[PDB]
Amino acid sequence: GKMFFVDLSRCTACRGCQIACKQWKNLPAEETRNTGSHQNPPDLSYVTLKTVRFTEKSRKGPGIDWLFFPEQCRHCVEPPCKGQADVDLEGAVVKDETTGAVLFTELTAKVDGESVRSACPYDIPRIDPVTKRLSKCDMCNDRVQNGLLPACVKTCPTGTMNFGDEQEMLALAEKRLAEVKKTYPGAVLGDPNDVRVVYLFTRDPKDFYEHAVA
């Protein structure tokens, strides 16, 4: 299958990835306002599959530890969302056996929306008030199957976003974690044996977001 390696030690929070996701799928913009943060949209929603979360942490000496987290579906090897959806209707949540993508179909409207979201340990699924369809990151599965990188990966200027076969990406993640640890001693990979979106966090993943890891 396929895998993202997301090296958050390289992220400039440019939000190219946030825009690129909406442009490829032609998603609408939310109504947003500034509530004392650069972060916006403030959360994932039916029309927002990825938002970059900003957290400021004090450090001794000048400046801050500014933590950026471009949030997206982890495309879990064994997705709980599927297990929950399969209680109400099989075919609502499916697994692409070629890429490993976890995919919501139009039949998510026929399952319990709250239940499937509750089952996700990363709190990823979002419900349309109108149709009751569930939405999330689909790994740009169509692009991937046609040779192309996911939109958010291709757009990323810093080398934060990496995509490929799970063998080369796990190997990159382990090699890169060893190198990043020299500058950031508390650097860890996010649930690397359980997910296809493997984040390198520069410190306690929970500092980036409360649902950064399961």
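Sequential numbering from 1, following the sequence displayed.
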129 to 137 set against 67 to 75, stretch whose average Cα temperature factor tops the other in the entry: 129 to 137
Entry-level comparison of average CA B-factors, 202 to 210 and 14 to 22, reporting the higher stretch: 202 to 210
Identity of residue with top Cα B-factor, from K154, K50, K60, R53: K60
Peak C-alpha temperature factor (PDB record), options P42, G159, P150, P185: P185
CA B-factor placement of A178, once the chain's modelled residues are sorted into thirds: highest
Entry-reported Cα temperature factor of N146, expressed as the chain third it lands in: middle
Third of chain Cα B-factors occupied by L170: highest
